[PDB]
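Following: one structure in structure tokens, then a few remarks.
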There are 4 protein chains.
Amino acid sequence: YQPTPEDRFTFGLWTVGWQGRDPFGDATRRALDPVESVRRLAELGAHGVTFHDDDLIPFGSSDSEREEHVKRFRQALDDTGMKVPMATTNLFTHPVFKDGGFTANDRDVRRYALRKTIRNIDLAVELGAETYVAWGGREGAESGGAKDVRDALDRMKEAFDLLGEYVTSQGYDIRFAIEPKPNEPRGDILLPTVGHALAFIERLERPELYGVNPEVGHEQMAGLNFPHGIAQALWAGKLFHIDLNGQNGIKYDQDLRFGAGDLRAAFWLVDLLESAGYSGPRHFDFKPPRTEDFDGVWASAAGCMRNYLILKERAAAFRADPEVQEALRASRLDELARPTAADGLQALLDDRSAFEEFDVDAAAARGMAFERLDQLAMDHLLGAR
Amino acid sequence: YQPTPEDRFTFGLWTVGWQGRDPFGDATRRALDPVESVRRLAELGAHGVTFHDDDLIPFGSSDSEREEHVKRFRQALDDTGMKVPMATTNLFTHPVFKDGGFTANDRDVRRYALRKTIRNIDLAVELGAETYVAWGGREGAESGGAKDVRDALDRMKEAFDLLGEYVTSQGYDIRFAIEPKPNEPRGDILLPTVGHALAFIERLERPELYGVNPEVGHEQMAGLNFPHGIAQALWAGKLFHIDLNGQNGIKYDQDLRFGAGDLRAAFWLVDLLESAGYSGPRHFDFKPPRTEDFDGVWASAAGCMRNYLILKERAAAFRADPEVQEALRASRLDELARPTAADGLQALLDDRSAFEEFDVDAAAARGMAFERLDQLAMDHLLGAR
Amino acid sequence: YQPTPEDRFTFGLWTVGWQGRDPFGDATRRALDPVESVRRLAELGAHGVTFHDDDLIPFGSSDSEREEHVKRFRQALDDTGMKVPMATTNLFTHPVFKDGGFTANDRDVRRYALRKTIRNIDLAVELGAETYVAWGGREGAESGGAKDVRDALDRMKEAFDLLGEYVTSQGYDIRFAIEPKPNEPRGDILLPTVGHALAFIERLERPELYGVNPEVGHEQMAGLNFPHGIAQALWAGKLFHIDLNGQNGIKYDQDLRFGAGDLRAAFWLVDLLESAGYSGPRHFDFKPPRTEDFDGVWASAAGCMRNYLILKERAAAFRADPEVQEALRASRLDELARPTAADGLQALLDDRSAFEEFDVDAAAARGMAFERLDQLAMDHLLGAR
Amino acid sequence: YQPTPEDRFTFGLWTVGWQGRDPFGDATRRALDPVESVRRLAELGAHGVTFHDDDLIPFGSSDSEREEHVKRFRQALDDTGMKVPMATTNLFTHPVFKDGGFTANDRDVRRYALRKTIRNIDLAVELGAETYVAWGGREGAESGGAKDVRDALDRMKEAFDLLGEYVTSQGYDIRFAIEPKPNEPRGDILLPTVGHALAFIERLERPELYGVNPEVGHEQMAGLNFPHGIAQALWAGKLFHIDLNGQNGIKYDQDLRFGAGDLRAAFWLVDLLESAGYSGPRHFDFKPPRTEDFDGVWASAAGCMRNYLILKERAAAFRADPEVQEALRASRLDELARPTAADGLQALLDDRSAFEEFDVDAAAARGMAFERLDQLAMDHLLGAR
Ligand SMILES: [Mg+2]
Ligand SMILES: [Mg+2]
Ligand SMILES: [Mg+2]
Ligand SMILES: [Mg+2]
Ligand SMILES: [Mg+2]
Ligand SMILES: [Mg+2]
Ligand SMILES: [Mg+2]
Ligand SMILES: [Mg+2]
Ligand code: NA
Ligand code: NA
Ligand code: NA
Ligand code: NA
Ligand code: NA
Ligand code: NA
Ligand code: NA
Ligand code: NA
């Protein structure tokens with residue numbers, strides 16, 4: 001289960017670089033130079049890295065310092081063959097963003113947030129990124145009167161519309177991906193799930209430029225089924241990028257390595273991504289636990305990729321097994337894929353077999369055979385066939 | 001705090017009529033005749049009632065029995081002045097719907113579900129309903145292989161598109177409202193939140209015919225902020241109807257009387273509905289607990305309306321208080337409502353005050369004053385001003 | 001992975017016998033004769049069955065009917081070699097128990113609940129049961145004023161103390177096991193977790209007679225770590241019985257087959273039970289989903305046992321692997337098992353290496369190596385070593 | 001609603017002193033001198049303050065610096081009349097505690113944790129504290145193999161037993177209070193709820209020295225009913241101290257001001273504490289949100305006390321209202337307080353009215369009248385009587 005760059009595994013600089021500061025504790029690891037992270041990840045078989053502006057260029061750097069930081073990073077990419085498929089903006093760490101970036105109540109902060117974002121879009125394009133992610137982690141509230149959500153959504157739309165005008169006017173081939181999260185660090189975050197983000201996109205001026213970047217753990221913080229949400233995003237044509245990690249239920253955002261947390265959900269996710277032909281990066285937004293030293297950081301990162309590859313093998317074996325294909329027919333998955341009424345409304349209304357002469361009791365007595373199907377799926381996951 | 005029909009309070013027949021059967025227990029109350037429910041609710045000051053097909057006409061009734069049930073109900077409405085603003089279909093109780101109605105794997109069940117729905121749309125129009133609700137309580141799965149969600153969403157779209165074709169072809173002035181719920185009775189339900197439902201509507205052939213019917217307790221079963229979700233639905237122009245009740249956090253669907261559960265969320269909800277000018281019914285989808293006899297049923301129903309009226313008074317006093325209006329300005333709610341960049345993209349890019357000369361530290365030092373504002377809101381809610 | 005009676009797998013009559021009635025739907029399966037359930041479970045390799053009084057003897061049966069029901073059941077046990085290791089009382093279905101049994105506000109109901117329980121203790125002993133379970137599913141409240149919890153705990157203690165007096169006076173070799181659940185069907189249930197039940201037992205007059213019967217899904221309905229709770233019960237000497245099933249997070253009680261839900265938690269549970277030498281029944285309290293016909297019921301029951309046996313194999317391989325044993329030492333699990341200060345308090349106070357000369361920075365720099373250990377555990381679970 | 005020192009309101013130095021650093025953001029406020037906090041809290045009407053060792057004496061201070069910090073603090077207490085009723089140890093911030101203090105896998109860390117605690121017990125006694133709190137925030141795990149929970153509980157017991165030996169040998173009149181929390185910062189924390197902590201205490205060598213310090217938000221992070229848990233702690237005689245705050249459901253630990261979060265739970269909590277005669281400090285463990293400047297810090301702290309006083313008034317009015325007293329009898333709260341069977345086991349067995357001649361249907365038909373009672377409670381809370 002050895003990863004190669006062809007597997008498209010990518011990691012944020014902030015993942016393996018997380019120093020271990022949590023709400024109750026100081027850092028347990030030293031800061032990593034981005035150049036070292038690029039080299040170590042390349043050795044593990046990664047395809048590329050991603051960054052927030054402030055991960056690569058320290059906040060407040062002069063133009064000359066910014067140039068030197070980019071030049072060093074560029075050489076590490078050239079030395080390793082690593083790519084940069086996605087970039088994003090840090091609109092959450094600095095105290096100025098304490099009430100948000102795009103939806104801060106203060107108008108001057110909203111304008112600053114846009115200018116900070118635009119500067120990093122230029123850099124992202126220069127480095128070859130195809131997707132620009134926005135995680136509005138400070139957009140929200142702890143109390144009901146602090147934020148009129150209709151006005152906030154107007155400001156959020158205004159911001160994204162301006163960014164779309166910018167990329168169109170510059171001729172850039174980049175697209176945007178909105179990352180939902182339900183809460184943390186704000187008591188409630190705006191656009192809290194994949195669904196809310198998909199709905200918001202349809203009210204933008206150029207909806208074709210915008211998709212979603214769902215994260216495993218974030219949907220699970222609302223107790224939602226992550227594979228189901230991904231299926232809706234795929235159905236809408238909006239899965240532009242994905243963040244892979246693990247989460248144990250409804251609690252703080254754990255950002256465990258992929259495969260940890262809900263293992264069966266991870267299996268169904270990989271099955272769906274591979275069956276649907278998702279061709280984007282397999283990006284890990286995870287935190288090596290602060291119990292670990294640097295050897296544990298790299299072990300945790302390697303485990304992300306290993307678990308994806310094991311699950312890919314098991315899901316492929318499941319779908320290829322003739323006994324599973326038989327079970328899928330026994331459970332009428334084939335009938336689910338056929339139109340209910342391709343004959344049309346009038347034919348349905350005139351069809352006595354659909355109502356007047358429908359034997360509801362005979363239909364009700366048919367078992368769905370879902371438990372046998374699910375035990376075949378369990379046996380395949382566990383390698384017990 | 002006496003309700004009158006002008007307050008637009010409505011109740012489902014299945015609410016006060018719930019006999020108290022739960023997963024672990026038999027019924028504790030006898031069945032109520034719908035005519036009795038109409039008369040008792042009218043005496044309490046309700047404006048109207050709502051129904052599933054099977055609440056009003058026992059499943060399997062002949063055409064002659066169906067006529068007699070409707071005639072009796074019609075006379076009770078005429079005797080009381082009660083209205084019927086909304087109706088819905090029961091696609092969840094009968095065993096034939098064990099894998100869903102519109103998204104059942106069996107094609108013959110999907111066709112039956114559509115025919116059952118269409119027959120009740122005709123009745124709803126005859127009785128004067130303006131909104132037709134769909135709660136897809138059996139649409140979903142307990143296991144990952146049982147339901148291909150992309151195919152299921154195709155079938156769900158097909159069903160709603162056919163219903164839109166039907167109402168358009170008949171010339172009916174009714175609109176549809178989709179009611180989300182995240183789980184229960186299925187392990188995961190399709191379209192689990194307001195956001196997912198809003199996103200789905202935008203892929204229908206005639207999106208203008210469809211909105212949402214959010215329920216307080218359902219969004220709270222995902223730990224989401226119900227007022228925030230309602231604000232997004234209002235922002236999209238899609239709040240066609242609402243179900244009011246209470247829920248204590250993430251657990252089974254409790255359907256407590258409105259005002260129970262999260263009281264502060266109820267306050268912020270009423271503030272939003274009244275401030276936005278929502279003009280639809282204030283519908284209660286609640287269950288009097290099975291500990292209660294019939295006197296307790298009517299006390300619980302009266303409490304729904306009383307709590308709405310108290311909260312309406314307190315929210316109005318909050319918004320009218322000059323000290324609150326001052327606090328809203330101190331917290332820059334006025335600035336949130338002003339455009340970020342009505343001067344346009346180029347002016348923003350050329351504005352040195354937005355980036356090059358922006359004093360981030362001075363902006364960061366400004367307190368938001370949200371805690372003082374929230375304590376004024378608490379004082380108003382509690383009548384402690 | 002074929003079960004045999006030596007594996008001690010047991011099932012409640014109410015599990016495979018669940019007819020599929022849920023809060024929103026009618027039964028999808030016919031009732032099973034208990035004699036048929038005994039015969040089918042014996043064929044699958046089960047060791048025994050368990051029952052509520054009302055599962056075996058229909059409520060309200062005369063003494064002569066009760067005798068015939070027991071006689072038939074007895075012959076099925078004799079014909080199959082099946083045992084009855086545990087029995088319990090239904091104090092939740094009948095409307096009389098709508099406010100509880102042992103903690104109902106009405107005193108006459110509390111006395112009836114005790115008499116109903118005592119009659120079934122006699123029957124349980126006659127059938128050879130060694131454990132008598134109490135699940136107080138109706139003990140609790142939906143609202144704060146309805147139940148003074150201190151008085152309710154006095155009544156709960158009084159009830160359990162009287163039951164202990166009864167079994168002691170009769171000379172019975174049976175012990176009691178309290179089953180916690182946090183909510184459902186009551187809004188909050190008294191003794192909601194393993195911890196609360198363990199604490200309550202210590203205030204009974206004869207604590208040695210009472211232990212816990214934890215259920216996987218119930219602790220998970222509070223978001224708790226089930227293996228951790230089982231470890232505390234084992235540490236206290238109080239794990240008298242266990243209910244095995246699956247649950248997907250914080251929602252209604254799903255009672256999925258064992259191995260479904262949180263698969264990694266199931267692995268760690270089996271590892272703990274087998275390592276600790278738990279010798280009681282491996283009892284499944286599960287519901288075959290109502291989508292299933294009778295063939296699916298038996299497939300789901302077989303899957304419970306199969307998943308336990310697979311996980312047992314994988315946990316044993318994990319603990320026996322020399323590379324895992326090395327990793328456990330690298331993570332200092334050996335040091336966790338050694339006393340902190342067997343030298344005593346005074347020696348600790350005089351030990352300068354414990355404070356004055358302790359190198360906190362060198363200790364802080366040591367990685368715990370937990371991620372490598374956890375990936376070995378993942379590889380073993382998945383059969384990818 | 002003006003607080004005075006007689007109300008026993010206390011605050012941790014770390015509450016109003018929280019600088020606003022969260023997992024995703026830097027501090028938004030400067031550090032507060034403990035002397036300033038004492039003076040400002042005294043002006044607001046607080047009774048006293050509490051501290052972790054490291055809040056008062058910077059980690060790593062020499063003995064001479066430690067003396068100066070204590071002397072300054074002592075003078076501020078003398079100048080203001082403020083008391084110090086409780087103290088605690090920081091066993092969570094420094095990287096050395098990344099795997100715990102008392103249950104760290106490394107034995108040398110466990111010994112250091114004990115020595116650090118003992119030094120602060122001496123200081124707590126010198127300052128007049130009557131309760132010593134232990135919050136084991138780092139005791140736990142992110143993964144299953146990292147921590148053998150039985151061994152960890154042995155180490156936890158060993159640590160608390162040694163602390164009890166220390167205070168007994170020194171003749172100190174201090175008692176210990178264990179503070180549960182289910183998760184955060186560890187994936188799962190040992191002793192996750194009030195119940196688990198109460199059960200653990202009963203296995204200590206001197207259980208009389210140990211009680212609980214429950215926190216509103218922590219029990220709510222498991223979805224539990226906080227007033228119910230407090231009632232069990234009172235019933236056991238173990239409520240030594242309490243932490244008051246607010247929390248919106250199952251998510252990260254919010255530490256909102258008291259009265260925020262679940263307002264009705266706050267009402268029932270105050271009703272219980274006042275009715276039971278709890279005489280300990282009313283301690284606030286809260287964080288003024290990082291949106292606030294220093295004026296907002298003091299407004300948030302004042303709001304904690306104001307909300308307690310409003311709720312105290314409303315709960316007292318509820319219990320004193322003759323209509324409520326009538327409703328309590330109608331709901332049989334009086335019967336709940338009477339023994340089930342003071343006549344004894346034999347009399348119960350011989351009482352035909354308890355079983356043979358008990359009219360189960362007549363008893364089942366009696367309504368509990370809980371909804372009317374709960375609406376009276378709502379009306380009192382809202383001041384709408
Ligand atoms: Mg995350
Ligand atoms: Mg992410
Ligand atoms: Mg509901
Ligand atoms: Mg509803
Ligand atoms: Mg269960
Ligand atoms: Mg059970
Ligand atoms: Mg807290
Ligand atoms: Mg605390
Ligand atoms: Na746009
Ligand atoms: Na996960
Ligand atoms: Na349509
Ligand atoms: Na609620
Ligand atoms: Na006893
Ligand atoms: Na589970
Ligand atoms: Na002790
Ligand atoms: Na709260």
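Just so it is clear: chains get the letters A, B, ... in the order the sequence lines come, proteins before strands, and each one is counted from 1. Atom set for the values below is all heavy atoms of this structure, side chains included, hydrogens, waters and symmetry mates excluded.
Between D:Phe355 and C:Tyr112, the ring planes are parallel. Angles under 30° get that label, and only those over 60° would be called perpendicular. Classified by interplanar angle (parallel below 30°, tilted 30° to 60°, perpendicular above 60°), the ring pair C:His94/C:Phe59 is tilted. Using cut-offs of 30° and 60° for the angle between ring planes, the D:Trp235 and C:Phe200 rings count as parallel.
The residue from C:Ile57, C:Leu127, C:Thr88 that alone fulfils the side chain to side chain contact (heavy atoms under 4.5 Å, CB included) condition with C:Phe51 is C:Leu127.
Between D:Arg338 and D:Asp334 there is a salt bridge, with a side-chain nitrogen of the basic residue lying less than 4.0 Å from a carboxylate oxygen of the acidic one. A salt bridge does not link C:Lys157 with C:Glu202: every distance from a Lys NZ or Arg NE/NH1/NH2 to an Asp or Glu carboxylate oxygen is 4.0 Å or more. Salt-bridge check for C:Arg66 with C:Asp53: failed, with every basic side-chain N at 4.0 Å or more from each acidic carboxylate O. Looking at C:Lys181 and C:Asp253, a side-chain N of the basic residue comes within less than 4.0 Å of a carboxylate O on the acidic one, giving a salt bridge. Salt bridge present: C:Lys116 and C:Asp54 bring a charged side-chain N and a carboxylate O closer than 4.0 Å. A salt bridge does not link C:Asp271 to C:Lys312: none of the charged nitrogens lies less than 4.0 Å from a carboxylate oxygen.
For the residue pair C:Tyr172 and C:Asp122, a side-chain donor N or O sits within less than 3.5 Å of a side-chain acceptor on the partner. The closest side-chain donor-acceptor pair between C:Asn213 and C:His241 falls under 3.5 angstrom.
Remark: C:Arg282 fails to qualify as a cation-pi partner of C:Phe9 under the 6.0 Å distance and 45° angle criteria applied to the six-membered ring.
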May I have the step-by-step check of salt bridge (charged side-chain N to carboxylate O under 4.0 Å, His left out) for C:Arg107 and D:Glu335, ending in yes or no? CA-CA 6 Å; C:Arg107 178 171 173 274; D:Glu335 292 203 18; over 6 Å; no

